[PDB]
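Enquirer: For the protein sequence lines, the chains are A and B, in the order given. Quick note on numbering: our numbering labels position 156 of the first sequence as 177, and the sequence is numbered without any gaps. Quick note on numbering: our numbering labels position 9 of the second sequence as 272, and the sequence is numbered without any gaps. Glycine included, C-beta positions come from ideal geometry on N, C-alpha and C.
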Amino acid sequence: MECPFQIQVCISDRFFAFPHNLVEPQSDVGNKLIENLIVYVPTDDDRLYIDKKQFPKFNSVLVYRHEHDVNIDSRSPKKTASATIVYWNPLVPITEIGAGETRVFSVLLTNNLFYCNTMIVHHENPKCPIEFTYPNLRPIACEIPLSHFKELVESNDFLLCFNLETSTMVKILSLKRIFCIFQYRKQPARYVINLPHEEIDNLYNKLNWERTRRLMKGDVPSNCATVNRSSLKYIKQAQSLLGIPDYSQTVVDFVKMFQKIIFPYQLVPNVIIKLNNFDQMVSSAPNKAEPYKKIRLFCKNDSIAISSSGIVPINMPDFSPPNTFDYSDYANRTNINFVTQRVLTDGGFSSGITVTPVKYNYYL
Amino acid sequence: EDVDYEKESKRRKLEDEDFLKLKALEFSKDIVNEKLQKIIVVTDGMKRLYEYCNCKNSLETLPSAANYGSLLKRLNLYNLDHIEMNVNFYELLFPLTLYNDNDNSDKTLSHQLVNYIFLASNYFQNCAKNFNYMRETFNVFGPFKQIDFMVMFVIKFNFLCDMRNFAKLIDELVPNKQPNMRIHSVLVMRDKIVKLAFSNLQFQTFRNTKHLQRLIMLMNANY
């Protein structure tokens, strides 16, 4: 699909609250101002927060829950300039448009909104929040924003839920809103969620797609994100095998700890290697068995880079097809075998020994 | 010259801090509810109509009303069909929900509100249960072209007197900018069954208004 001509998208996380100010009465050519205005929302609940008094510009304002019709379904929606129309955080494609250019103000780029005239007015929120799981707690209703308003200012320990019927779209939407408001918050509060969560990891993958979609036009934020199960358990094991001064210690802790030492050894930590290894997709990717995603790692002013596989000269395909090859006069099977026999003899070892000659890329 | 936007980007950075404060101010309680103000204004806001409403205890039918029914016969001059036969119910009672009971309260009031709601519900349920009986008991005083509307008014008015008393109990406690979600939803569903009771009624219907017109509008949810 695409956005029909004469419609525009404004993203702002602030639109998680209704931006009563911004909208202005549309008018047709000939200055035919249309003070009749109608607005559409995910639920009747949305209406309860929205105030007619904010719009003296208009004499006539109405609001309804959107519903996805059938018969009007068209790439080109029906037109009715006789009323201004607005959709606020709409979920699904709209079949009808108001006066002049219609505009939508939404937090989230749906796939429907891809091929579209879009603006973001974005800003970085530096503060990454966090999850935590213990298995005191604030019970936060999993949908209603302002039911717990100012509680989300006061506390940092937020329990979440959902009802069985909930549309996954609604789930994503609410989670997005919560994360935006958290990134506005001044301290990293802790998520806790009472759900089987496998589908939540699926929805996280969706979020990854979404964030990429944004980044197609985005602010290139350093937004924090993590694999949430494979990684999770692995790092847990890592800590367990180490001393555990804080079982609650954030991964980024260990990350930066290794950062302290990477450059002096000019070679890649196994932690980071297993990262981008055991993600389903953004890794060696068991999704498609793609270790080919070797990391080329560079630092300021370097004449050289660190590949997955040793030092490399800059901006070149990771390994020369020609080389000072591993000439078979070394790595002759026979020699390897003889050495192996020697070794096994000496060790008195019956089993479990294998050896392989080393190999070299651009540099030795 | 400094053609780059980063100046304004920093300005936005500055602004951002306010955002949360602004929103909190935009979500604090509100001083008063103009709907309750309208109730207090209209209550005896037209000639002497308070004094007829000796009726009380919220669970009564024909409480010696025939005296007032005489003046309703006189009112029969008017096209009482202007009265809505349906009861707006939730569409009037919504403003009462604008109260977080955690503050400006002992957290006890909502209980009494639900009790009053169920009271009025059973009231209207009995009204539907016995309307025709009521029709005849007042037709005692003589049939009229719009006796159905007269009965409707009798019901609504007798309710409204108690509603006035009940509201003046709260006496303009400070409302929230927004209603309680759960109280609202409970009201919604009970209103669903109430409008279902209006459907179950299955009846059919049988200027110097400005004073009584005020109360007529108020019953009809004029705003």
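Considering Cα atoms alone, identify which of A/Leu385, A/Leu69 and A/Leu58 is closest to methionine 444 of chain B.
Expert: Here residue 444 of chain B is taken as the residue at index 181 of the second sequence, counted from 1. Among A/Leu385, A/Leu69 and A/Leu58, the Cα nearest to that of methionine 444 of chain B belongs to A/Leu69.
Enquirer: Tell me the DSSP bridge mates of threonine 154 of chain A?
Expert: Indexing the first sequence from 1 puts residue 154 of chain A at position 133. Its beta-bridge partners do not exist; DSSP assigns none.
Enquirer: For a cutoff of 7 angstroms on Cβ pairs, would you count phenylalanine 352 of chain B as touching chain A?
Expert: Walking along the second sequence from the start, residue 352 of chain B turns up at place 89. Answer no: the Cβ-Cβ gap between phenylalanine 352 of chain B and chain A never drops below 7 angstroms.
Enquirer: Which residues share a DSSP beta bridge with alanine 326 of chain A?
Expert: Looking up residue 326 of chain A in the first sequence gives position 305. Note: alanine 326 of chain A sits in a beta bridge opposite A/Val333.
Enquirer: Contact criterion: CB-CB distance below 7 angstroms. Does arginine 398 of chain B meet it with respect to chain A?
Expert: Translated into the one-based positions of the second sequence, residue 398 of chain B becomes position 135. Chain A, which has no Cβ nearer than 7 angstroms to the Cβ of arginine 398 of chain B, makes this no.
Enquirer: In angstroms, rounded to a whole number, what distance separates the CA positions of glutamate 152 of chain A and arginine 250 of chain A?
Expert: The residue given as residue 152 of chain A occupies position 131 in the first sequence. The residue given as residue 250 of chain A occupies position 229 in the first sequence. Their Cα atoms are separated by approximately 13 angstroms.
Enquirer: Here's the rule I'm using: 16 or more other beta-carbon atoms within 10 Å means buried, otherwise exposed. How should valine 60 of chain A be labelled?
Expert: Numbered from its first residue, the first sequence carries residue 60 of chain A at position 39. Burial call: buried.
Enquirer: Taking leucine 167 of chain A as the reference, which of B/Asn471, B/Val266, B/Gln441 and B/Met397 has the closest Cα?
Expert: Here the question's residue 167 of chain A lines up with position 146 in the first sequence. Of B/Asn471, B/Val266, B/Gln441 and B/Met397, the residue nearest in Cα terms is B/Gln441.
Enquirer: Closer than 7 angstroms, CB to CB, is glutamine 300 of chain B near chain A or not?
Expert: As a first step, residue 300 of chain B is located in the second sequence; it is residue number 37 there, counting from the start. Not an interface residue.
Enquirer: Under three-state DSSP, which class holds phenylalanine 126 of chain A?
Expert: Within the first sequence, the letter at position 105 stands for residue 126 of chain A. Strand.
Enquirer: Distance check for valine 241 of chain A and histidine 169 of chain A, CA to CA, integer angstroms please.
Expert: To locate residue 169 of chain A, count along the first sequence from 1; it is residue 148. To locate residue 241 of chain A, count along the first sequence from 1; it is residue 220. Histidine 169 of chain A and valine 241 of chain A: Cα-Cα distance of roughly 31 angstroms.
Enquirer: What does a CB cutoff of less than 6 angstroms around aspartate 425 of chain B pick up in its chain, not counting 5 residues either side in sequence?
Expert: Locating residue 425 of chain B in the second sequence gives position 162, counting from the first residue. Hits under 6 angstroms: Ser321.
Enquirer: Can you name the start and end residues of the alpha helix (DSSP H) that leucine 376 of chain B belongs to?
Expert: Along the second sequence, one-based indexing puts residue 376 of chain B at 113. Run containing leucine 376 of chain B: 372-402, per the alpha helix (DSSP H) assignment.
Enquirer: Consider the Cβ of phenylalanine 290 of chain B: report whether some Cβ of chain A lies at a distance smaller than 7 angstroms.
Expert: Counting from 1 along the second sequence, the entry for residue 290 of chain B is found at position 27. True, the Cβ-Cβ gap to chain A drops below 7 angstroms.
Enquirer: Here's the rule I'm using: 16 or more other beta-carbon atoms within 10 Å means buried, otherwise exposed. How should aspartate 49 of chain A be labelled?
Expert: Residue mapping note: residue 49 of chain A aligns to position 28 of the first sequence, counting from 1. The residue in question, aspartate 49 of chain A, is exposed, as its Cβ has fewer than 16 Cβ neighbours within 10 Å.
Enquirer: Please give me, in chain order, every unbroken run of the beta strand (DSSP E) with length at least 3 that falls completely inside the region 124-197 of chain A.
Expert: Listed in chain order, they are 138-140 and 178-181.
Enquirer: Please determine, among B/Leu285, B/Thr306, B/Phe290 and B/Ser272, the residue with the shortest C-alpha to C-alpha distance to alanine 430 of chain B.
Expert: Stepping through the second sequence from its first residue, residue 430 of chain B is reached at position 167. Ranking B/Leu285, B/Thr306, B/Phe290 and B/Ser272 by Cα distance to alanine 430 of chain B puts B/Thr306 first.
Enquirer: Which residues share a DSSP beta bridge with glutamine 29 of chain A?
Expert: If you number the first sequence from 1, residue 29 of chain A lands on position 8. A/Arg124 and A/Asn138.
Enquirer: When you compare each of B/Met309, B/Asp411, B/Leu436 and B/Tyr313 to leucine 372 of chain B by their alpha carbons, which one comes out closest?
Expert: Counting from one through the second sequence, the residue named residue 372 of chain B turns up at place 109. Nearest C-alpha to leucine 372 of chain B: B/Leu436.
Enquirer: Only counting the same chain, and skipping five residues up and downstream in sequence, which positions put a Cβ closer than 8 angstroms to that of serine 269 of chain A?
Expert: Along the first sequence, one-based indexing puts residue 269 of chain A at 248. These residues qualify, in order along the chain: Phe153.
Enquirer: If we call anything under 7 angstroms between Cβ atoms a contact, is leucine 180 of chain A one with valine 30 of chain A?
Expert: Taking the first sequence and counting its residues from 1, one reaches residue 180 of chain A at position 159. Taking the first sequence and counting its residues from 1, one reaches residue 30 of chain A at position 9. For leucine 180 of chain A and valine 30 of chain A, no; Cβs fall outside 7 angstroms.
Enquirer: List, from N- to C-terminal side, the alpha helix (DSSP H) runs of 4 residues or more that fit wholly inside the region 258-340 of chain A.
Expert: Whole alpha helix (DSSP H) segments, 4+ residues: 272-286 and 291-295.
Enquirer: List the residues that DSSP assigns as beta-bridge partners of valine 107 of chain A.
Expert: Taking the first sequence and counting its residues from 1, one reaches residue 107 of chain A at position 86. Paired residues: A/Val60 and A/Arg124.
Enquirer: Can you list, in chain order, the residues of its chain whose CB lies under 8 angstroms from that of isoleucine 256 of chain A, leaving out five sequence neighbours each side?
Expert: Here residue 256 of chain A refers to the residue found at position 235 when the first sequence is read from its first residue. So the list reads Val272 and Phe275, once near-sequence residues are dropped.
Enquirer: For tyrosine 351 of chain A, which residues from the same chain have a beta carbon less than 8 angstroms from its beta carbon, with the 5 sequence-adjacent residues on both sides left out?
Expert: Within the first sequence, numbered from 1, the residue matching residue 351 of chain A stands at position 330. Cβ neighbours of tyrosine 351 of chain A beyond the five flanking positions: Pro378.
Enquirer: Using a Cβ cut-off of 8 angstroms, pull out every chain B residue sitting near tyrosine 70 of chain A, in sequence order please.
Expert: For this step, residue 70 of chain A is matched to residue 49 along the first sequence. Ordered by position in chain B, the residues that pass the 8 angstroms Cβ test against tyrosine 70 of chain A are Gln441.
Enquirer: With 7 angstroms set as the bound, which would you pick, yes or no: does the beta-carbon of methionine 480 of chain B sit closer than that to a beta-carbon of chain A?
Expert: Residue numbering aside, residue 480 of chain B sits at position 217 when the second sequence is read from its first letter. Not one chain A Cβ lies under 7 angstroms of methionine 480 of chain B.
Enquirer: In whole angstroms, what separates the C-alpha of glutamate 289 of chain B from that of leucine 112 of chain A?
Expert: Residue 289 of chain B sits at position 26 when you count from the first residue of the second sequence. Residue 112 of chain A sits at position 91 when you count from the first residue of the first sequence. Spanning the two alpha carbons is a distance of roughly 26 angstroms.
Enquirer: If we ignore side chains and look at the alpha-carbon of each, how far apart do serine 329 of chain A and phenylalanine 299 of chain A end up?
Expert: Start at 1 with the first residue of the first sequence, and residue 329 of chain A comes out as number 308. Start at 1 with the first residue of the first sequence, and residue 299 of chain A comes out as number 278. One C-alpha to the other measures close to 15 angstroms.
Enquirer: According to DSSP, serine 48 of chain A sits in a beta bridge with which residue or residues?
Expert: Reading the first sequence from its first residue, position 27 is the one you call residue 48 of chain A. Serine 48 of chain A is bridged to A/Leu54.
Enquirer: Take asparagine 146 of chain A and list the residues in its own chain whose beta-carbon comes closer than 7 angstroms to its own, dropping the five residues that flank it on each side.
Expert: Position 125 of the first sequence holds residue 146 of chain A. The residues are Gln204 and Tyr205.
Enquirer: Taking 7 angstroms as the threshold (C-beta atoms), are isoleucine 202 of chain A and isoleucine 32 of chain A in contact?
Expert: Looking up residue 32 of chain A in the first sequence gives position 11. Looking up residue 202 of chain A in the first sequence gives position 181. In this structure, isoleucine 202 of chain A does not lie closer than 7 angstroms to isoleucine 32 of chain A by Cβ.
Enquirer: Have a look at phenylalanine 407 of chain B and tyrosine 396 of chain B and give me their C-alpha separation to the nearest angstrom.
Expert: Here residue 407 of chain B is taken as the residue at index 144 of the second sequence, counted from 1. Here residue 396 of chain B is taken as the residue at index 133 of the second sequence, counted from 1. Cα-Cα distance, rounded: 16 angstroms.
Enquirer: Checking 7 angstroms against the spacing of the C-beta atoms, do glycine 332 of chain B and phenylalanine 416 of chain B come in under that value?
Expert: Locating residue 332 of chain B in the second sequence gives position 69, where the first residue counts as 1. Locating residue 416 of chain B in the second sequence gives position 153, where the first residue counts as 1. Against a cut-off of 7 angstroms, the Cβ pair of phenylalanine 416 of chain B and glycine 332 of chain B comes out as no contact.
Enquirer: Can you pull the DSSP bridge partners for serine 81 of chain A?
Expert: Taking the first residue of the first sequence as 1, we reach residue 81 of chain A at position 60. Answer is A/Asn57, bridged to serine 81 of chain A.
Enquirer: Which residues bound the beta strand (DSSP E) around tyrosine 212 of chain A?
Expert: On the first sequence, position 191 is the one that residue 212 of chain A refers to. Note, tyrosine 212 of chain A: beta strand (DSSP E), 211-214.
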